[PDB]
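Next comes just one chain, in structure tokens: the form deposited in one PDB entry.
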């Protein structure tokens, strides 16, 4: 547990085998041009993030499984399951960068902006997603958890798509629909676009690999992880406006794209009539000066301190909710996840 350097190195050591499995490395193919290119798609887009979701899968398994069952082989299976989550993440971010007209991801150009990619990034998005099911078939097809694991990936993929769609409906006729930027809409967006795939998916996979199918245990885990998910996406929204791109690895676009971000929702709650006028005039505009005006309003409204205090109070509340978790569910699993993301700058 505790997302150590050793934990990261054991997880990273699996990645080259995932690439070999999906590119027929060492095996005859009639289409080597595609398998060689797909190696570069995977190497660019999959392994250079924080790997929070992959590592969370392994830590969940290690803390849920009986100690006597934690063989090197079973721990490797959990790591492979973690990489399947990272393949879903990689696919989502390729598509998300196209939709958000983003510049940088993980400190390199967004994949769609690279030479001879463009709209081919759409196919690469689909290709990376489809590839996780090939890995699942190879290593898990013989196990009782196989169908539960596949059905969970299918369901989380569908839910994430619904979330990406609601996120995108922030604008119509080139202006943001500020009247609809409520905390209710915000909670709905982040539940579907982030919480299911980021927190619910890793822990539920850990439970399934340990042959834990109890509906009440899954429901209790889900309740806490959907709260953690909302908290995580609020942190992401703060990073978009106030993050250092040299640390976050990405340049923010939420203001220009007119997104229903936490900062936008809270700005509208805290705004006097004049400040509301500034949002209505300058939010979701292409002009750099319009973005700077909105950032200046965010600073004037004290959004940095408001976020800082919200993050501390939300951390305390989630810790209270974790204390209420029963069954055999280890509290320390949820505490470790929270400790890993709390007050993050990336």
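Numbering follows the first chain given and starts at 1. Take the two forms, superpose them, and find the largest set of C-alpha atoms that agree within 1.5 Å; that set is the rigid core.
Chemist: Tell me whether residue 93 turns out to be unmodelled in at least a third of the other entries of this protein, restricted to those that model residues on both sides.
Modeler: It is not, since residue 93 is included in all of the other entries that model both flanking stretches.
Chemist: Please establish whether a third or more of the other compared PDB entries omit coordinates for residue 205.
Modeler: No, residue 205 has coordinates in all the other entries compared.
Chemist: Name the higher of the two by mean Cα B-factor in the PDB entry, 8-16 versus 320-328.
Modeler: 320-328 has the higher mean C-alpha B-factor.
Chemist: Read off the CA B-factors in the entry, average them over 170-178 and over 154-162, and name the higher stretch.
Modeler: The entry gives the higher C-alpha B-factor average to 170-178.
Chemist: At the C-alpha atoms, which of 279, 46, 60, 34 reaches the highest B-factor in this entry?
Modeler: The listed residue with the largest C-alpha B-factor is 279.
Chemist: Between 196, 119, 262, 232, which carries the biggest CA temperature factor in the record?
Modeler: Each of 196, 119, 262, 232 was compared by C-alpha B-factor; the highest is 119.
Chemist: Taking the C-alpha B-factors as the PDB entry records them, is residue 127 in the lowest, middle or highest third of its chain?
Modeler: For residue 127, whose C-alpha B-factor we compare with every modelled residue in the chain, the answer is the middle third.
Chemist: Classify residue 274 as lowest, middle or highest third according to the C-alpha B-factor given in the PDB entry, relative to its own chain.
Modeler: Highest third, going by the recorded CA B-factors of the chain.
Chemist: Mind checking which third residue 66 falls in for C-alpha B-factor across the chain?
Modeler: It falls in the top third of the chain.
Chemist: Ranking the modelled residues of this chain by C-alpha B-factor as given in the entry, is residue 313 in the lowest, middle or highest third?
Modeler: CA B-factor rank for residue 313: middle third.
Chemist: In terms of the chain's CA B-factor thirds, is residue 96 lowest, middle or highest?
Modeler: For residue 96, whose C-alpha B-factor we compare with every modelled residue in the chain, the answer is the lowest third.
Omitted from view is the form deposited in another entry, to which the following refers.
Chemist: Core fitted between this form and the one not shown: which of 92, 132, 152, 239 shows a C-alpha shift of 2 angstroms or more?
Modeler: One residue passes the 2 Å cut-off, namely 239.
Chemist: Does residue 281 count as moved between this form and the one not shown, where moved means a C-alpha shift of 2 angstroms or more after fitting the rigid core?
Modeler: Not so; residue 281 is displaced by less than 2 Å.
Chemist: If you line up the core, does residue 72 shift 2 angstroms or more at its C-alpha between this form and the one not shown?
Modeler: Not so; residue 72 is displaced by less than 2 Å.
Chemist: Rigid core superposed, CA of residue 12 - does it shift 2 Å or more between this form and the one not shown?
Modeler: Where the cores coincide, residue 12 shows only a C-alpha shift between this form and the one not shown that is less than 2 Å.
Chemist: By 3 Å or more, the Cα spacing of residue 239 and residue 125 differs in that other deposited form; is it closer or farther than in this view?
Modeler: Farther apart, which means the C-alphas of residue 239 and residue 125 are at least 3 Å more distant in that other deposited form.
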